[PDB]
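Notes follow once the structure below has been shown.
What follows draws every value from the coordinates through simple rules; no lab data is involved. Cβ: placed from backbone, ideal geometry, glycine included. Neighbour counts: every protein chain shown.
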Amino acid sequence: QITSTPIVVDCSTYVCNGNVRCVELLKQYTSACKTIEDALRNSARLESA
Amino acid sequence: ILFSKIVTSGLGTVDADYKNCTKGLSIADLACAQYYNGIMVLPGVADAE
Amino acid sequence: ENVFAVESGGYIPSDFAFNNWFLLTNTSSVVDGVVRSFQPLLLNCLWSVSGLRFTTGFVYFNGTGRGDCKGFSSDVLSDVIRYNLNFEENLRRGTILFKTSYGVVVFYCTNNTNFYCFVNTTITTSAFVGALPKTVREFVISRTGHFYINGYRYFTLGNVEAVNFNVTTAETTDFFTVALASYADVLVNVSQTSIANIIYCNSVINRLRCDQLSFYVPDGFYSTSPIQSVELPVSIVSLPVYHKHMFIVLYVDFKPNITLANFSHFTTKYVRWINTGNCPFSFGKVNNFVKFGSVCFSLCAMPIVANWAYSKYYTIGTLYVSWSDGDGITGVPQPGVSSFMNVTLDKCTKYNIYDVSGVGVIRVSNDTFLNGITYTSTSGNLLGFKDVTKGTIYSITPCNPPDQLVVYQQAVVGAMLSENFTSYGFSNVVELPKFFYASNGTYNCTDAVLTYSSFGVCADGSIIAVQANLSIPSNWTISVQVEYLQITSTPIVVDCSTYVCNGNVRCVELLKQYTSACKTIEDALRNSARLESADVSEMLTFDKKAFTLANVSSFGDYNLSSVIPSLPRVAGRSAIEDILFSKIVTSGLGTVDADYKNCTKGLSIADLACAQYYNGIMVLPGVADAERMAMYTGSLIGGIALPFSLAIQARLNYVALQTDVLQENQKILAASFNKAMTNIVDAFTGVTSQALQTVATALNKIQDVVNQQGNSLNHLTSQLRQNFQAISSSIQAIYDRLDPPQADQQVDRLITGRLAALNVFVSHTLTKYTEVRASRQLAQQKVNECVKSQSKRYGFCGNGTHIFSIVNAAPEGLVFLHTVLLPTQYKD
Amino acid sequence: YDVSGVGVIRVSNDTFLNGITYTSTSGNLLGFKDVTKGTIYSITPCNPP
Amino acid sequence: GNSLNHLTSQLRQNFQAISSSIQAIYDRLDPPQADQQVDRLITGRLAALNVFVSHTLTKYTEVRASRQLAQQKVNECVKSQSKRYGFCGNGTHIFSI
Amino acid sequence: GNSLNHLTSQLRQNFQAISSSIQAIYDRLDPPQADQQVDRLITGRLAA
Amino acid sequence: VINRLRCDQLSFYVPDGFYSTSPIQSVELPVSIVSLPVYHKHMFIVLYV
Ligand SMILES: *[C@@H]1O[C@H](CO)[C@@H](O[C@@H]2O[C@H](CO)[C@@H](O[C@@H]3O[C@H](CO)[C@@H](O)[C@H](O)[C@@H]3O)[C@H](O)[C@H]2NC(C)=O)[C@H](O)[C@H]1NC(C)=O
Ligand SMILES: *[C@@H]1O[C@H](CO)[C@@H](O[C@@H]2O[C@H](CO)[C@@H](O)[C@H](O)[C@H]2NC(C)=O)[C@H](O)[C@H]1NC(C)=O
Ligand SMILES: *[C@@H]1O[C@H](CO)[C@@H](O)[C@H](O)[C@H]1NC(C)=O
Ligand SMILES: *[C@@H]1O[C@H](CO)[C@@H](O)[C@H](O)[C@H]1NC(C)=O
Ligand SMILES: *[C@@H]1O[C@H](CO)[C@@H](O)[C@H](O)[C@H]1NC(C)=O
Ligand SMILES: *[C@@H]1O[C@H](CO)[C@@H](O)[C@H](O)[C@H]1NC(C)=O
Ligand SMILES: *[C@@H]1O[C@H](CO)[C@@H](O)[C@H](O)[C@H]1NC(C)=O
Ligand SMILES: *[C@@H]1O[C@H](CO)[C@@H](O)[C@H](O)[C@H]1NC(C)=O
C-alpha cells in the first residue's frame, strides 16, 4: 500500500447542517472546530508532499 | 484487470467529482450525499496517469 | 485630542487608541485574551462638544439632536449612545434625563442624603439604584434600556426615545465626545482589560480571522460556506386529507380572567405589566406542523405567567395539556379535500415536505423512481420527493454548500467551487477535472507557491499543472536559501485531579471511583515528555575547541557578523535569531513560556501563564534552551570554518577550476556573498523570486507552528466553561444548591465531560510529537549531509550547486542558510 | 456577587477601571473589585499543584 | 468504506435530544429551551468527528511505514539484482517489475 | 496493567442512566423508555 | 506523602520520575461574602412538622 486518499471535513456544515442559529450557537465552543480541521489539513498536506 | 476485479464499497465512495453536484438534474449519487455533509473527499495524490 | 474622524462605513480609524472605550459586558469582564463578540462599535455619528458649549440638549435614537459629526454621518436608527468624558467631577453633579414611551425618567446621585444613586420617575416615584463607582469616565445607554457604566450594566429603563443632560463642565479644558453606536460583531485584542485593537467581521478574509481567533492567517486552503439570505420564502407540501379545522384560543385579562372558548386540522391563538413549562412543545409553535395522535386541554403544565418590569412574576394560572404521539392532529397556519402545495423552485426555502422540515433549494429532476415517496441519504437528510399527484420527482439541494479558498500573503487569490459562475468578485472561472476554479489571475505565471495535492497556485491565483558553441554562463552568482525545520515541541503536563475537580474536596473524593482514569492520562503525557527531552538532549553535541575557531575576525572578506553567536553562560543568541524572536508575534491564546515563582505571591492579578497553571496545565521549561542552542550552532559554525576563504576557494576550484578561483572572481564572489547576506537580513528585518520568497515561507511556517500549539492549549482550557448538561458550570455552585445525593448525580456529568476533554488533548499532543519526530530526524540528516559536508544532489540542499550551509536557532526550530551557485551572464 | 468558590483573597496593587468581576478563559474568577473603595482583591486558589 | 460510513452515520443518531433534526427542534419549542436541547446534538457531533480524526491519523501513520518499505524494496529489487534469498520472493532473484 | 483496568472499569458508571446494568434497566421500565435509557449506556461504552 | 501518592497510583511500587501532586486544603474555612447594595424586605418561610 502506498497511499490513502486524503479527506477533509468542514466543521460548521457537518455539525449544524446549515441552520444559521445553530452556527451562531457554535461560536461558544471556542476553538472546537479549529483543532479538528487543522489536524486533518496538515496531515493531508504531509501526504501530498 | 485489477481495477475491474476490485469492487467499490457501497458504504462510502472514495473518489468523487463535484462539478455536477449542485445542478440538481438528478438525485445525488453517494458522492454528493457525502458532500452535503461537508465531508469532502479530495482528489487522490497519485493519479493513474 | 484623541478624537477622530470616523470613516465612511462607520469604521473606527485603525490607529485609534480607545483611551476610554471600555468593552461593555453584563458580567465578568475579561482580563487578557482575544475575544469574538458583538459590541456596539459601528458608529452613525461621533461629535465632540467642549465645555464652552455644554448645554441641555436631548438626543433621540433617530439621530436628531446630534452635533456636527466628525468625518461621517448616517441617519439609520442607532441602537446605543456612548458618552466619553474627560472631566473628573463626572456625573457627581448635574443629572441625566430620559424619555420613555409612557413617561419621563431622571437619574441623579447624592452623598449627603458616598454618592448613592437614585432615580425619579413620572408616568411620581423615586428609587435607590446603586452607587457611583470611583470615577465614571465612559458611560452608555441602550435603546432597549440597559444602562452601562464603565462597561457594567447597572439597570434597565425599558425602551427609550431620547437621552439628555443637565450638566456643565468644571473648566474650559474639559470636553466630552458623544457617539451614536450600533452593534457590530468584532474581534478584539484585549490586554489589561483595555482594548488594544480590533478588526471588524466585514469582509470574507475578516470572516476567517473572526472565526479562527487569529489576527495572522497562514497560507493554505481554508474552507467556508457563504452566508445564506436572512429571509426565506416558505414552502409546504402535504398529503391530501379530508379537511376540517378547530381553533384553540386562550384569552387573558387580569387586574393585579383567563378562559378557553368552549372549555383533522387545528390552530392556536393567544389573545409595565405564556411559558412552555414542562411540555415538549411551545404554544404557537404547535402551529409549525408538529403532530399528535390526540390532544386535550384543561384549565404537562404550561403556567401563564404575568410579568411586571421583567422584575416580578405571577403565575396567574396554569394550562395543562395531555397529548398522545401519532398523527391526525397537526398545527395549520389557517383553518374539504385536496392538499395545498405552495412550492417555490430555485429560491432557498424553508420546507416542511411530508413533515420533514429543513432548508434547501427545490428543483425539478429528470429522475424517475417508481418506488417510494421520500428518498434519504444514510445521514437521514431528505434528498428528493415524488409528487403523488403527478409522479414529478424533485431534488432538495442545500444552498451554499462549502467552498475552498486559497489564501496567500493574507489575501484570497482563488476559490474552488462546485458551480460554473464567478463569485466573491473574482474575474474568471476555469473548469478543472473535478471542480471549477474562480480567480483574478491571468495565466502568464510559471511558478506556483501552493500545492493542492497535484496542482500549483501562483501569486496571481492562476492554477497551473506541474510535474556548435554553447551559451555557457560567463559567471556564476551565489545565492542564499532558507529552510526552517521544526525540531522540538515544548512538553505540557496536566495534573488530572486539579483540572477535573477544580480542587473542591468533595469532588476529589468522588473522583476516586473513576479507577485509574487520571493515571493513564497523565502517565501518557509524562512518558512523552521524557522521550522528548532525551531525544533532543542527545542530539545537541558540542566541542569546545571546534567552537572557539568561530570568530568574525577569523573569516576574512566574508562578513558572517550576524550569525556568530553573541558574547554572553557560554554565549548569547546571535543577531539573526534575535531578529526572528522579535519578529514572531507571540500567541494571544496560550502562553508557552512559564514562570511559576510569581503565581501565588499575589502582588498583581494572574497573567495567562499563571491562569492556566491554576488548572494544572503546567507548561514545562523548554528542552532546547537558548544558551545550549547557541553553543551547538557555534560549534557547527566553527566546524565548517575548519585558510577560511581558502576552503571556499577549494570548493569553487572543484566546481570550476579555471574560472572560480581566479582572484578577481574570488573577490567578486566575496562581494556576491556580502550582498546576499545583506539582502536576507533585510528581508528578515523588513522590506528575489527564488530568494526572499524563501524568507516569506519560513516566517509563515514559523508563525503557523506557534499558532497551532496555542490553539491546542486553548481548546482544553476553554472547555472548563462547558456545563455538560448539569445545573451549572461551577462545582461549588452545585454543592451549594444540592444535597450530596443529588449533588453527585449532577457532578458526575461534569467529571465524565472533563475526562473526555483530557482524553482528546492527550491525542493532540501525541500526534504533534509524532509529526515532529520525522522533522527532527530529517533535520539531523541535513546537518550531516549539508553543513558538515558538500552536497552531491541538487535541490535536496537548495535549488543550486552546493557550496556551504549555516545553522541558527529559531522558535522551536532551526534555520538553515544554504548557499548555492547559479549560472549567470552567459556567453555563446 | 453571586459567584461562589474557595480561595485565598489578597489585596493587589493592580488597578483597572473596567468591570467588576475579573475572570479567566476557564471562567474561574481571578479577582474582584470593591465597588466602594476601588481596591482590587485578587483571588488565588489554595494548594495549586 | 467502513470508516466513512461510521462517521457519516453517527450524524443520524439523536444523542438524547428530542429529535435528531435541528430544524425540528427549532420548530417545536421556544429558543431558550431549544438551545439546551441542541447542545446535546452539538456535543455528540463533535465527539464523533473527533473519533474520525483519529481514524485518519492512524491510517496515515500505518501507511507511512509501508510506503517507506516499498520504496526500499523497489530501490533494491528492480534497480539491481537482489543479494539475498527470501527478501524478494522464495527463490533466487533475477528482476522484478 | 493500568490501560486494561481503565478499560474494564468504565462498565460500572451509569452514564446518567437509571442503572449500570442492562437487565435491571430493561426490567424496571417499559420498552419504549427503557430503550432510550439503554441508549445512554451504549454511547458511554462505545466511547470507552 | 509518598504513601498518599501510592494510594493514587494503586500500586505498591512507584517508578523513579517526577510526579505531580497537590497538598490538602484545611478542614474549616471562613465564610466570606460580598454583594451590591439592595433594598431589603426579608421574608421567612417556616415549615412545621
Ligand atoms: C446583556 O443582556 C441583554 C439581554 O439579556 C442584551 O441585550 C440584547 O442585545 C441583543 C443584541 O446585542 C438585542 O438583540 C437585538 O434585538 C433587536 C430587536 O428589534 C433586533 O432588531 C436586533 O437584530 C437584535 O436581534 C436584544 O434585543 C437585547 N435585549 C434583550 C432583552 O435580549 C445585551 O446585549 C447584553 N450585553 C452583553 C454585553 O452581552
Ligand atoms: C494585542 O495588544 C497588545 C498590547 O495591548 C500587544 O502587545 C504589544 O505588541 C507590541 C506590537 O504592537 C509589542 O511591541 C509589545 O512588546 C507588546 N507588549 C505587550 C505588553 O504585549 C499584542 O501584540 C497585540 N496582539 C496582536 C496580535 O497584535
Ligand atoms: C425623531 O423622532 C421624533 C418623533 O418621532 C421627531 O420629532 C424627530 O424629528 C425625529 N428625528 C429625525 C431626524 O427624523
Ligand atoms: C427627585 O430627585 C430629587 C433630587 O435630585 C429629590 O430631592 C426628590 O425627592 C426626587 N423626587 C421625588 C418625587 O422623590
Ligand atoms: C478582481 O478583479 C476585479 C476587476 O479587476 C475587481 O473588481 C475585484 O475586486 C478583484 N478581486 C480580487 C480579489 O482581486
Ligand atoms: C463554464 O465557465 C466558462 C467560463 O468560466 C464559460 O465560458 C462556459 O460557458 C461555462 N460552461 C457552462 C456549461 O456553464
Ligand atoms: C559586517 O557588517 C556589519 C553591519 O553593521 C558591520 O558593522 C561590520 O563592520 C561588517 N564587517 C564585519 C567584519 O563584521
Ligand atoms: C516574578 O517575580 C520576580 C521577583 O523578583 C519579579 O522580578 C518578576 O517581575 C516577576 N514576574 C512578573 C511577570 O511579575
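Brief remarks follow.
- For segment C:706-828, size of Cβ-based charge dipole, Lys and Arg +1, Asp and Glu -1, in debye: 600
- From least to most packed, judged by other beta carbons within 10 angstrom and beginning with the fewest, C:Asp578, D:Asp2 follow the order D:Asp2, C:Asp578.
- Cα-centred dipole magnitude for the protein assembly as shown, charges only on beta-carbon of K, R (+1) and D, E (-1), debye, nearest 20: 1060
- Largest-first ellipsoid semi-axes for chain E, taking √(5λ) over the Cα gyration tensor eigenvalues, angstrom: 55, 11, 8
- Proximal charge balance of C:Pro335 [Cβ under 15 Å; K/R count +1, D/E count -1]: +2
- Annotation: the residues C:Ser298, D:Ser4, sorted from fewest to most other C-beta atoms within 10 Å of their own C-beta, follow the order C:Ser298, D:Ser4.
- Cross-link pairs exceeding 21 Å between alpha carbons, from the set C:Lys269/C:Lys350; A:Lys34/C:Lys701; C:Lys255/C:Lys312; C:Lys434/C:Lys701; C:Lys583/C:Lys768: C:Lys269/C:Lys350; C:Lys434/C:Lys701; C:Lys583/C:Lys768.
- Cα-only radius of gyration and Dmax that characterise segment C:213-272, units Å: 24.8, 68
- Expected 222 nm ellipticity per residue - DSSP helices of 4 or more, -39500 (n - 2.57), all of chain C, to 500: -8000 deg cm²/dmol
- Fewest neighbouring Cβ atoms within 10 Å first, the residues A:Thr5, D:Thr15, C:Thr224 line up as D:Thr15, A:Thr5, C:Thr224.
- Counting only the Cα atoms, chain B fills a convex hull of 114 Å³ per residue.
- Debye equation applied to the C-alpha atoms of segment C:247-319, log10 I(q)/I(0) at 0.23, 0.25 Å⁻¹: -1.20, -1.37
- Charge context of C:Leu370, other residues only, Cβ under 15 angstrom, K/R +1, D/E -1: 0
- The angle separating the long axis of helix E:31-77 from the principal Cα axis of greatest extent in chain E is about 0 degrees.
- Kirkwood Rh (inverse of mean 1/r, distinct Cα pairs), segment C:96-175, angstrom: 13.6
- Radius of gyration and maximum dimension Dmax of the protein assembly as shown, Cα, Å: 34.6, 118
- Per residue, the convex hull spanned by the Cα atoms of segment C:550-688 measures out at 166 cubic angstrom.
- Table column - 3J(HN,Hα) (Hz), segment C:203-218, Karplus curve with 6.51, -1.76, 1.60, x for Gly and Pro: 7, 4, 4, 5, 4, 4, 4, 5, 10, 9, 6, 9, 6, 8, 10, x
- Here's the picture: charge each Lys and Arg Cβ at +1 and each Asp and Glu Cβ at -1 in segment C:149-254, and of C:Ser223, C:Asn189, C:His243 the one pushed furthest to the positive end of that dipole is C:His243.
- Per-selection Rg to Rh, segment C:275-423 - Cα, Kirkwood hydrodynamic radius: 1.13
- Rg in Å to one decimal, and Dmax rounded to a whole Å, for segment C:443-528 via C-alpha atoms: 28.6, 92
- Kirkwood hydrodynamic radius of segment C:494-588, Cα pairs, Å: 18.5
- Normalised by 2.2 N^0.38 Å, where N counts its residues, the alpha-carbon radius of gyration of segment C:332-490 equals 1.73.
- All other residues whose Cβ lies under 14 angstrom from that of B:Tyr35 are scored, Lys and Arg at +1 and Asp and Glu at -1, for a net of -3.
- Annotation: amide H of C:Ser223 within the under-5 Å range of C:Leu405, sequence separation 5 or more or interchain, hydrogens built in the peptide plane.
- Net dipole in debye of segment C:459-573 [+1 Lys, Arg Cβ; -1 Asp, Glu Cβ; about Cα centre; nearest 20]: 420
- For segment E:44-64 versus chain D, the gap between their alpha-carbon centres in whole angstrom: 41
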